[PDB]
Every structure is written in structure tokens, then in C-alpha cells.
Amino acid sequence: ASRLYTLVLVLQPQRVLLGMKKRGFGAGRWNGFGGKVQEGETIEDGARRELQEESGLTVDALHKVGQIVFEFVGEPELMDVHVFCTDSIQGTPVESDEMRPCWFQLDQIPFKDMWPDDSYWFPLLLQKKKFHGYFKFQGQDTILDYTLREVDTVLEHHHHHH
Ligand SMILES: COc1c(O)cc2oc3cc4c(c(O)c3c(=O)c2c1CC=C(C)C)CCC(C)(C)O4
Ligand SMILES: [Zn+2]
Ligand SMILES: [Zn+2]
Ligand SMILES: [Zn+2]
């Protein structure tokens, strides 16, 4: 029982581009750019689509930095989140109806305004290290338990529908 998602972090030496959910689910929180991988699309096309729709940005390449598994108490279906980062972007960041991109200096990242798991794996991301992580949520604000480990290479899931 799982659903397939992507998350894209736009990362430059001194700054990260985040985006603010403007309405609906998760409104008021800054996040990377991502969403559900659609049927008929590959993981990486979905990551590119999320970034393009939400930030208006195109990228030359995505690095696979991480895999996050979310579990929500009472829900049997896990979220399988493929995490990517990109250094080199093309276009000017512009908001959609869903998301507004904004640059943040790395030491200014607004963790109180982001999802609670970000405080865990963001240090590994900014150190340019790959990771695998798991977070058990109760509601939106509460992590019941977590496992986070640095990895040498991101484990490939061999999704053959995506
Ligand atoms: C990657 O962005 C996140 C994230 O960091 C944490 C998230 O946590 C959630 C917890 C959650 C629920 C959630 O939908 C989330 C998240 O979606 C969530 C997300 C967003 C996931 C992506 C941008 C791929 C619904 C069930 C409930 C019991 C309310 O708990
Ligand atoms: Zn599928
Ligand atoms: Zn990167
Ligand atoms: Zn997967």
C-alpha cells in the first residue's frame, strides 16, 4: 500500500528556492516543489512537471538525493517520496495558483513554517549527502517516530509503471 510522489529542492550555494502553498492542503507552509506522480508519467517527468507548474522553472538535470517514506496513523497507504535536488535552473521563478516561489538564505530556512520532517533531513541535503528516511505522522503537525540514515547511493525502486 503506497502512493508515488516527488519532491524537488532548488539549491544554490547560499540559497534555496522554496514555495509557499497558497491555499488548500498545507496552505501557509513552505516546501520543496512536488506532488503525486500521475499514471502514464515517469517519476522524473513528474518531478519536472511539478517544478514547472509550481515554480515556472525548467532544469537541465535532477540529482537523486533521497528517499522519504511517510506513514500516517490509521492510514494503511504509505507515501513513497522520491527526493531530488537541482543546482542549475532556467527561467524566472513565478507563482502559480498553488505555490509562490521565494529564495531563502540557507541559514534563514523557516523550519517553523515548513513540514516537521524538514528539520531532520535538510541538514543532510545541505551537506550534499544522500539519505533514506521514514516519518510516522499523527495529523499534520506531529511526528510519532522517525528513522533517518545517510546512504552512499539512493536505492533504486524499479517502478515499471513510472
Ligand atoms: C514533502 O512534503 C510533505 C511533508 O514534508 C510532510 C507531509 O506530511 C503529511 C502528513 C499528513 C498528511 C499529508 O498529506 C502529509 C503530506 O502530504 C506531507 C508532505 C507533502 C507531500 C509532497 C509534497 C509529495 C495527510 C494525512 C495526515 C494524517 C493529515 O498527515
Ligand atoms: Zn502508478
Ligand atoms: Zn543537487
Ligand atoms: Zn519509489
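All residue numbers in this chain count up from 1 along the given sequence.
Between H159 and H82, the distance from one ring center to the other falls under 6.0 angstrom. Two rings, from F122 and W30, have their centers 6.0 Å or more apart. The six-membered or imidazole ring of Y134 lies away from that of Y146, with a centre-to-centre distance of 6.0 Å or more.
By the rule that hydrophobic residues join a cluster once side-chain heavy atoms approach within less than 4.5 Å of another member, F111 and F104 end up as members of one cluster. In this structure, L148 is not a member of the same hydrophobic cluster as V154, with clusters built from ILVMFWY side-chain heavy atoms closer than 4.5 Å.
At least one donor-acceptor pair under 3.5 Å links the side chain of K21 to the backbone N or O of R23. Side-chain N or O atoms of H63 include one that pairs as donor or acceptor with a backbone N or O of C85 at under 3.5 Å. Under a 3.5 Å cut-off, the side chain of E53 and the backbone N or O of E50 do not form any donor-acceptor pair. Within the 3.5 Å criterion, the main-chain N or O of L155 finds a donor-acceptor partner in the side chain of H132.
Taking all atoms of both residues into account, the shortest heavy-atom contact from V59 to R48 is O-NH1, 2.5 Å. Of all heavy-atom pairs spanning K136 and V73, the tightest one is NZ-CG1, 3.3 Å. When all heavy atoms of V83 and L9 are compared, the closest pair comes out as CG1-CD2, 3.8 Å. Shortest non-hydrogen contact noted between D80 and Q67 is OD1-OE1, 3.6 Å. Minimum heavy-atom separation, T6 to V81: C-CG1, 4.3 Å.
The shortest side-chain heavy-atom distance between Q138 and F72 does not fall under the 4.5 Å cut-off. With contacts defined as side-chain heavy-atom distances shorter than 4.5 Å, the pair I143/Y120 qualifies. Counting heavy atoms from C-beta outward, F135 and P116 have side chains that stay 4.5 Å or more apart. Within the 4.5 Å cutoff, side-chain heavy atoms of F70 are placed close to those of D117.
A side-chain N or O of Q12 and one of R15 form a donor-acceptor pair less than 3.5 Å apart.
Applying the 6.0 Å contact sphere to CD of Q14 captures no more than 12 heavy atoms from other residues, nucleotides or ligands.
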